Amino acid sequence: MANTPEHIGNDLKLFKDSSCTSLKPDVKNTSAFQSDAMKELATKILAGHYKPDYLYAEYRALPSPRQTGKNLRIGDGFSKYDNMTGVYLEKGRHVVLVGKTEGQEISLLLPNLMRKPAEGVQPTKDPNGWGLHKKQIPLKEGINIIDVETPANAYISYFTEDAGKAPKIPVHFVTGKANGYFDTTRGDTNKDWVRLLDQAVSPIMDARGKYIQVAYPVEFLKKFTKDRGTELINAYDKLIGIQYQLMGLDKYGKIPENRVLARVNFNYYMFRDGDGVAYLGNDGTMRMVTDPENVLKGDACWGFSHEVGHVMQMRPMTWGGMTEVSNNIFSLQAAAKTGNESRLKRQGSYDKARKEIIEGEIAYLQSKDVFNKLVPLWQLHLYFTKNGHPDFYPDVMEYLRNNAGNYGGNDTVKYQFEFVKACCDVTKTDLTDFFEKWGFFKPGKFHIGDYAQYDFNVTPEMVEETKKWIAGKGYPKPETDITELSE
Ligand SMILES: [Cl-]
Ligand SMILES: [Zn+2]
């Protein structure tokens, strides 16, 4: 009764369709079955209480994270594990039945979320590194025999260009175990959450909200979240939603379908890579990020907002020198929306930046402090928020999505002037003086040290053409000196 493609293939003929969730009406017993896997399934069905949940599901294609990023001019650090199954695969040989693919590329992901450094290895210096290791198995239409060496939650990788059009692909983990998952968009409640954790067969529970996906250990979810899984997911959704709102993605119907992943790791306190945000699986860190109130406080809120803001910061607001500047517009907004302190206020940044840049008569580009560069960007928001344009950044980011050019490396300085034009046009305000005082219009050749090093050439013509363009609009000047705004 071995689970060979020939034994399994013969058995497939006994079920009503390729889902194998029901038997042909003349199949009364299991005497004709050739495979252990399909016989065991048919025995469940014949006994009248088969639960296909999770084990069998149909998977919808998502836009690739890189397409999503390109469309919005932002990063592609969205979840590769978005199509969670709620299926856990024990060590052994598994049978996975895939429906019609129409040649679509589709694979199975088995990440090692519980990977730890070897005994006596310093976690930060792990020779295996800090990345999320996984087995990736290409799937074909039909019978897939998959050898699992270490037990794993399963995730489907199914991404295309034109996701609304691609087929739904059925996948049946015949030999799997239903770990389940928590999904607030499905209507799951705290009752569901407690039951999920109590009956979990994996050390990892998968959960998602509107925008967040989390992959955290059951032990920490029970210890700290306990009861409040809905609140936890809502809190991460609030943090991400704050960025989408500031981006104007809600206003203009452009919230991406892709989730952002926050995961456990066993190497380091907190970091972000291409897979998303990672948090150390110890009591200290897990208390901060698996408790729904703690995740919205101070350092936890800032750290998450700061990192996600690297995915969400758009290229036209993130020219050279701006990598650690434009993402913190999100951090400041998230602090304002969660009742936390202003870090610009706490650092005395308005004063530090006015002294460094305005009094120092340097170019904005030459500023040596990423909080000082953040100051005018935040003053604009605080000003326009009070003076009749509450959708300031939402409209500016939409305008730049639609109108900004396409620049890389040393050419990215052109975005500085495009950003200035966008702010004027959106608000119908002549902001020449504000930007002049903050040194946006200083000509020269500037060498700027970000992660990359930039050589910007701001010519007198570039400055004059921007100023001419603004003057030509005939907008009113603000009544007050916006550079004087402080908290
Ligand atoms: Cl920071
Ligand atoms: Zn950063």
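Trainee: Is there a simple way to think about the coordination of the zinc ion (ligand 2) in this case?
Mentor: Ideal values for angles at a metal depend on the geometry: 109.5 degrees with four tetrahedral donors, 90 or 180 degrees with six octahedral donors. Protein-derived coordination of the zinc ion (ligand 2) comes from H306 (NE2), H310 (NE2), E324 (OE) and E324 (OE), at a distance range of 2.0 to 2.7 Å. Taken together, the four donor atoms coordinating the zinc ion (ligand 2) and their angles of 52 to 150° define a geometry best described as irregular. For the zinc ion (ligand 2), all donor residues lie on one chain, and their spacing in sequence is H-x3-H-x13-E. Here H306 and its partner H310 are both found in helix α8 (residues 298-312), four residues apart, which amounts to about one turn of the helix.

Trainee: In this structure, what is going on with the UniProt feature "binding site: Zn(2+)" (unreviewed entry) in the chain? I would like to understand it.
Mentor: Summarizing the sequence annotation, UniProt attributes the feature "binding site: Zn(2+)" (unreviewed entry) to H306, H310 and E324 in the numbering used throughout. Over a stretch of 19 residues, the named residues converge on one spot in the fold, their C-alpha atoms separated by at most 8.7 Å. Looking at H306, the relative accessible area reads 17%, which means it is buried. Among all residues touching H306, those that are not within four sequence positions of it are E324, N327, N328 and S331. Topologically, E324 is positioned in the loop between α8 and α9 (327-337). Residue classification places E324 among the buried positions, given a relative accessible area of 17%. Sequence-distant contacts of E324, defined by excluding residues within four places in its chain, comprise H306, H310, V370 and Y451.

Trainee: What is the right way to read the environment of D76 from this model?
Mentor: As for its position among the elements, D76 is in the loop between α3 (65-72) and β3 (83-89). In sequence terms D76 and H172 are 96 residues apart; their C-alpha atoms lie 29 Å from each other. The contacts of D76, once residues within four sequence positions are left out, are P65 and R66.

Trainee: Which parts of the structure should I look at to understand the UniProt feature "domain: Peptidase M60" (unreviewed entry) in the chain?
Mentor: The sites that UniProt annotates as "domain: Peptidase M60" (unreviewed entry) are residues 80-385. Helix makes up 33% of residues 80-385 and strand 24%. Its end C-alpha atoms lie 36 Å apart.

Trainee: Even after reading the chapter, I still don't get the pairing of strand β18 (residues 444-449), so can you show me in this structure?
Mentor: In regular strands, side chains alternate between the two faces of the sheet. Taken together, the six bridges between β18 and strand β19 (residues 453-458) define a ladder with antiparallel strand orientation. Bridging from a neighbouring strand, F446 pairs with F456 of β19. Between β18 and the antiparallel strand that follows it, β19, lie three residues.

Trainee: What is the right way to read unusual backbone geometry from this model?
Mentor: Peptide bonds are mostly trans, and most non-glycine residues show a negative phi. Backbone geometry places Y54, a non-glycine residue, at a positive phi of 75°. Here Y54 lies in the loop between α2 (36-46) and β1 (56-59). Even without being a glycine, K428 presents a positive backbone phi close to 50°. Inspection of the secondary structure assignment puts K428 in the loop between α14 (414-427) and α15 (432-437). With relative accessibility at 46%, the residue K428 sits in the partly exposed group.

Trainee: Would you mind showing me how to read the environment of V420 here?
Mentor: Tracing the sequence through the fold places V420 in helix α14. A relative accessible area of 0% means that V420 is categorised as buried. On a C-alpha basis, the gap between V420 and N372 in space is 17 Å, while along the polypeptide they are 48 residues apart.

Trainee: Would you take a moment to explain α3 for this structure?
Mentor: All of the buried residues along α3 are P65, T68, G69 and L72. Looking straight down α3, one finds that the buried residues subtend no more than 95° of arc, so they occupy a single side. Facing away from the buried side of α3 by more than 90 degrees, the exposed set consists of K70 and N71. Of the surrounding elements, those touching the buried residues of α3 are β2 (62-63), β9 (159-160) and α13 (392-403). Directly beyond the C-terminal end of α3, a positive phi value near 60° is found at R73.

Trainee: Would you mind going over the sheet that holds strand β14 (residues 212-217) with me for this structure?
Mentor: The strands making up a sheet associate through hydrogen bonds between their backbones, and the pairing can be parallel or antiparallel. The mixed open sheet is built from six strands, whose spatial order is β12-β13-β14-β15-β17-β16. Of all strands in the sheet, those with a lone pairing partner are β12 (182-183) and β16 (270-273), marking the two edges. With five bridges joining them, strand β13 (residues 204-208) and β14 adopt antiparallel strand pairing. Bridge pairing in β14 places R208 opposite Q213. Against the sheet, helix α5 (residues 218-225) touches β13 and β14, its axis set at about 100° to β14. The strands touched by helix α6 (residues 229-246) are β12, β13, β14, β15 (260-265) and β17 (276-280); relative to β14, the strand with the most contacts, the crossing angle is about 140°.

Trainee: Honestly, the nonpolar core in this entry has me stumped. Any pointers?
Mentor: For soluble globular proteins, nonpolar side chains are generally found buried alongside one another. One finds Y236, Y393 and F419 to be the most contacted residues of the largest nonpolar core, which totals 154 residues. Those residues in contact with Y393 that sit more than four places away from it in its chain are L246, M317, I329, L377, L380, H381 and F419.

Trainee: Explain the sheet that holds strand β11 (residues 177-178) here, please?
Mentor: In space, the five strands of this open sheet follow the order β6-β5-β8-β3-β11, with antiparallel pairing throughout. With one partner strand each, in any of the chains shown, β6 (134-138) and β11 form the two edges of the open sheet. In the sheet, strand β5 (residues 107-111) pairs with strand β8 (residues 152-157) via three bridges, with the strands oriented antiparallel. Looking at β8, one finds that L108 is bridged to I156.

Trainee: Sorry if this is basic, but what is going on with the side chain of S305 here?
Mentor: Take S305: it is sitting in helix α8. Residue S305 is classed as buried on the basis of its relative accessible area, which comes to 0%. With sequence-adjacent residues up to four places away left out, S305 is seen in contact with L239, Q243, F330, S331 and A334.

Cut-offs applied
Residues numbered from 1 in each chain as written, not as in the entry; some residues may be left out. Chains lettered and ligands numbered in written order. Heavy atoms only, no water. Donors = N, O, S within 2.8 Å, 3.2 Å for Na, K, Ca; no water. Tetrahedral: all angles 85-135°; square planar, octahedral: opposite > 155°, others 65-115°. Helix = DSSP H or I, 4+ residues; strand = E, 2+ residues; numbered from the N terminus. UniProt positions renumbered as here; feature names shortened; annotations may be inferred. Buried < 20%, exposed > 50% of the residue type's maximum accessible area, 1.4 Å probe, protein only. Contact = heavy atoms within 4.5 Å. Pairing = 2+ DSSP bridges. Arc of directions from axis to C-beta. Axes fitted to C-alpha atoms, helices over the stretch in contact; angles between N-to-C directions. Core = buried A, V, L, I, M, F, W, Y, C linked by side-chain atoms within 4.5 Å.

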